[PDB]
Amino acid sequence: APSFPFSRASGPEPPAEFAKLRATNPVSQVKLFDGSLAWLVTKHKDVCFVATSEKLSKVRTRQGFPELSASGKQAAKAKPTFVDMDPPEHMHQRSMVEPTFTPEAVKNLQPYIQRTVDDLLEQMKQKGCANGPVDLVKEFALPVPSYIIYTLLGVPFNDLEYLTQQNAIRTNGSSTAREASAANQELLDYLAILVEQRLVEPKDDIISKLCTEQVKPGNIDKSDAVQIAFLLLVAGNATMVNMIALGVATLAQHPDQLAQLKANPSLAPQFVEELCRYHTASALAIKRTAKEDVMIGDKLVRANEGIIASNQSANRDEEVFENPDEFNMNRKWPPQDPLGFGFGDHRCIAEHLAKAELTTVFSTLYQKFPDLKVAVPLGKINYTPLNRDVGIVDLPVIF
């Protein structure tokens, strides 16, 4: 059994193992860091099954849960939020914050999302690049998702920049263990204060609604409110940043498609659809342990055995997506859902928001800067560690 997680074939490529497994051993065993074994599911149909099977659990206190790192095993001890819950607890808590993420709520948020993007792009323009390149990530990819989620949660305008930098240090590869934890503690400390303030005088934000609707009635306590807010902040920010960056690098890799996007920004939605399928920036979140024996493919997964379902592999499943390794914004989509945001009950709570953010970004970026170009040869782009989810650390650009 090979060691998992696998390492990406190259910077923008997914691990080479998946394609081989999908064709020869779709449901196999991989060895984890602590030596334990887990079942790796690689086919779209099977990934979907794992994501919805009632015989599988996301509770991390069950022996056999596939923790991929030493830290992940330690994080499993704390009190769980809905991300690690099974029904009925899962929706009991998730529904407490879902209202802000519904399709209708996100549609009504479009003007705000646009404004946030426009203001950051103009700040980037004024900042100019007459003396050299600017880092698209630091100046645009990082603050877009950050400001939006922080603002939705209830953080005031003046605190955004500092909090955005701190949350980044959390996941920054350059950060030492101590720096990442201190930054993490800071965000939690800040959130604790916000909850206290919002309990006194609620405002129009997520934290306020949790305080008024759940904390006050006694459904959850203050710490719970802080943890749910923390989850919403750290669950998808780093991923949003990587998606925007990979989107720009991808358009630079396929000039004709960039020309097409510029010529018709109305194509942004489909470009985003293909981007989320082609670049699965969160490929290690669909994990479970079997509550009881369950049959998947030609394998029997026994009770208490862990399972990892690669939505990244499923998104390159040739049986579902024709020419899967070809990035095509004009792709003819099949009836099967691409799985960039997971599947089933736990499907990304912010999928509509994330897509709206990306669609706004790619229907605006090149209209603001029609001549935007990566200021380094594309083959020298600084990507995330090959053994980690796909993403880009920094992207020098000129415009």
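Residues carry their position along the shown sequence, with the first being 1.
Exercise for the section: Compare the mean C-alpha B-factor of 314-322 with that of 166-174 as given in the PDB entry, and name the stretch with the higher value. Expected result: Going by the record's values, the stretch with the higher mean is 166-174.
Exercise for the section: Return whichever of 355-363 and 59-67 has the greater mean Cα B factor according to the PDB record. Expected result: Of 59-67 and 355-363, the stretch with the higher C-alpha B-factor average is 59-67.
Practice task
In terms of CA temperature factor as recorded, identify the highest of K299, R94, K209, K77.
Solution key: It is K77.
Problem - Residue with highest C-alpha B-factor in the PDB entry, from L258, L199, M329, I244 - result: Of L258, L199, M329, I244, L199 has the highest C-alpha B-factor.
Practice task
Rank-wise, by C-alpha B-factor, drop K107 into the lowest, middle or highest third of its chain.
Solution key: Within its chain, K107 is a middle-third residue by C-alpha B-factor, going by the deposited values.
Handout entry: Position of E179 among the chain's modelled residues by C-alpha B-factor, lowest, middle or highest third
Key = Middle third, going by the recorded CA B-factors of the chain.
Problem - Chain thirds of CA B-factor: placement of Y190 - result: Middle third of the chain for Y190's C-alpha B-factor.
Problem - Chain third (lowest, middle, highest) by recorded CA B-factor, residue given as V50 - result: It falls in the bottom third of the chain.
Practice task
Would you check the entry's CA temperature factor for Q123 and let me know if it's in the chain's lowest, middle or highest third?
Solution key: Answer is highest: the recorded C-alpha B-factor places it there.
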